[PDB]
Structures are given as structure tokens and as C-alpha cells.
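Listed here are the chains, written in short residue letters.
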Amino acid sequence: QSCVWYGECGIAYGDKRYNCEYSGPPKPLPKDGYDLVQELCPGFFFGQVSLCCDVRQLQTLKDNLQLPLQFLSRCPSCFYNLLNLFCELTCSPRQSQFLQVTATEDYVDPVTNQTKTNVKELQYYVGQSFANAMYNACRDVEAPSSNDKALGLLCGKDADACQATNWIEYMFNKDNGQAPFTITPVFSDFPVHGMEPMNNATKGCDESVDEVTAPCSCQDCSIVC
Ligand SMILES: *[C@@H]1O[C@H](CO)[C@@H](O[C@@H]2O[C@H](CO)[C@@H](O)[C@H](O)[C@H]2NC(C)=O)[C@H](O)[C@H]1NC(C)=O
Ligand SMILES: *[C@@H]1O[C@H](CO)[C@@H](O)[C@H](O)[C@H]1NC(C)=O
């Protein structure tokens, strides 16, 4: 297994950071991060918890997920696939199979003056079926106390223009003021020049995420009506 990054490096803009380039194997997560990994990415919470992310990155992921939560929290299945998209990107011990760094710049440690490397941009190979299922689970979610679709607030365009691939492209575009750096998505259910797209299992809005979480309401999910 191999990583493309590990830990945070320099400022991109505002309070947002690039991650540090790293091409070695994943590393067992410190125990002080177990609460975060359980909350955000429980699928990775087993064995040595060897990941391509550190505690800082998990904390940042939690902070960065606030706005999707703002609009999608009422449909746990919809939010769950979105979390997994970000969990795989952030932490997967097999990152190198589906991420390709495309731009870097040097990072200088202000005290030690040792040089590290900011990952400025990368390409993310995302399963076509994954992306379609993620959209499918979220497409009927209403903005809370409204009759408009939640995706019209997370897609950089009205819901009638929002589609699976342009939703993911928008969320990953730093021009949105939220994403710390741009990720360029490539959608395929098939390998591409040796890259194996991320095609994790997904949950529909008519399914329970787990034993303690119900399916989404009829209001947010036309299947259950
Ligand atoms: C993406 O899918 C993989 C494959 O199903 C998940 O990795 C498994 O996670 C389960 C649950 O903890 C473990 O029992 C397995 O041992 C894992 N399998 C392998 C081959 O790694 C992974 O959890 C999913 N990612 C996320 C973010 O949930
Ligand atoms: C998702 O796809 C299913 C068919 O697999 C369909 O019944 C449903 O209309 C779609 N939308 C939602 C919100 O689940």
C-alpha cells in the first residue's frame, strides 16, 4: 500500500492548508485520533488503523464537512456516501491506486528551515457507479424548512442544473471558497492507465446506515413514500 500525502503543510488561502507530499506506506494512527476516525470514517477503524492521514487532517476534515452537514444532515444515507468520498481521499491506505499528484510547491519550516512539499493539486479517480449512487441518495433531499432541493446549495448552480459529476467537480474546486485546494475528478468504472478508481459500496436513501440510524424520510427520498 502507498500514500500520496501525510499531514498538513502550508497555507493555501484563509485558514485553509495544503497537505504535505508523502509517498511511503500508511502509518498507524495515534490513539488520540481514534474518536475522530470512529466519527468520520468508522470503516477504517480496525487493526493498526494504518492510514494515509494524521490527526490534524481528520480534525480539518470534520471542520470542512460543516456545510454539507448544514444541508444534508437530515438524510443520513446521503451524507454517509459523501463522507466516504472524503474519507477515501483523505485517509485511504491505498490512496496511490486512485490519486495522482499533479502540482506541488515547496514548504519551508519556519523554525528548522527544512523543506517539505505542498500538494497543490491532484487528480482523483472516482467510480462512475460511486458518483451516480452518491447523487441518487442525495437528489431528493430538501433544504431544511423549504421546498427546494439541498443540492442547489452545494452545487454552485440550481438543482435543475446539478448532476453527479458536476456536483463532485464543484465541491472539489477551491474557487468555491471552502475547498482548501483543487481536486480534479476523473469518473470511470474501469481502470485508467493502471489507476483503479475508488468504487466503495454505497447506501441508498431508503436504507439504514447502521443499526442506530433510520432511512431518510419520504420528504427527502421519494423511494420510501
Ligand atoms: C471502502 O471499502 C472498503 C472495502 O469494503 C472498506 O474496507 C473494509 O472495511 C471493513 C469495515 O471496517 C473491514 O472489515 C475490512 O477489513 C476492510 N476491507 C479492506 C479490503 O480493506 C472501507 O472501510 C471503505 N471505506 C470507508 C471510508 O468506509
Ligand atoms: C435512485 O435510484 C432509484 C433506482 O435505483 C430510484 O428508485 C430513485 O428514484 C432514485 N432517487 C432517489 C432519491 O433515491
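Scoring rules and cut-offs
Residues numbered from 1 in each chain as written, not as in the entry; some residues may be left out. Chains lettered and ligands numbered in written order. Heavy atoms only, no water. Disulfide = S-S within 2.5 Å. Helix = DSSP H or I, 4+ residues; strand = E, 2+ residues; numbered from the N terminus. Buried < 20%, exposed > 50% of the residue type's maximum accessible area, 1.4 Å probe, protein only. Near = heavy atom within 4 Å. Polar contact = N/O pair within 3.5 Å; in protein donor to acceptor, adjacent residues only side chain to side chain. Areas by Shrake-Rupley, 256 points an atom, 1.4 Å probe, with all protein chains shown as cover. Nonpolar A, V, L, I, M, F, W, Y, C, P; charged D, E, K, R; others polar. Pairing = 2+ DSSP bridges. Axes fitted to C-alpha atoms, helices over the stretch in contact; angles between N-to-C directions. Parallel < 35°, antiparallel > 145°, perpendicular 65-115°, else oblique. Contact = heavy atoms within 4.5 Å.

Deposited coordinates in this entry are attributed by the record to X-ray crystallography, at a stated resolution of 1.81 Å.

Caption draft 1: Broad picture of the state of the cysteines. Within the structure shown, the criterion is met by 9 disulfides. Residue pairing for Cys9: its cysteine sulfur links by disulfide to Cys20, the two sulfurs lying 2.0 Å apart. Between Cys9 and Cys20, the S-S dihedral sits near 110 degrees, and the bridge is therefore right-handed. Here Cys9 is found in strand β1 (residues 5-13), whereas its partner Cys20 is found in strand β2 (residues 16-21), with 11 residues between them in sequence. Pair check on accessibility: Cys9 and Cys20 agree, each one buried.

Caption draft 2: Here's a closer look at the site of ligand 1. The full set of residues close to ligand 1 is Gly43, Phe44, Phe46, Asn84, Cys87, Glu88 and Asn200. Contacts to ligand 1 include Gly43, whose backbone N or O atom sits 2.8 Å from an oxygen atom. At a separation of 2.3 Å, an oxygen atom of ligand 1 approaches a polar side-chain atom of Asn200. Contact with the protein chains covers 45% of the free accessible surface of ligand 1, which is 590 Å². Counted by class, the shell around ligand 1 contains 3 nonpolar, 3 polar and 1 charged residues.

Caption draft 3: Representation of the pairing of β1 within the structure. In terms of strand pairing, β1 meets β2 through 4 bridges, oriented antiparallel. What sits directly across from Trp5, in β2, is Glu21. Linking β1 back to β2 in an antiparallel pair, the connection comprises 2 residues, with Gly14 at a positive phi of about 50 degrees.

Caption draft 4: Representation of the packing of helix α5 (residues 128-138) against helix α7 (residues 164-171). The contact between α5 and α7 brings their axes to 8 Å, and the two run at 95 degrees. One finds that α5 runs roughly perpendicular with respect to α7. Note on element contacts: α7 touches α5 through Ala164, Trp167, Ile168 and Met171, opposite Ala131, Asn132, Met134, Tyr135 and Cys138. Residue composition of the contact of α5 with α7, grouped by class: 8 nonpolar, 1 polar and no charged.

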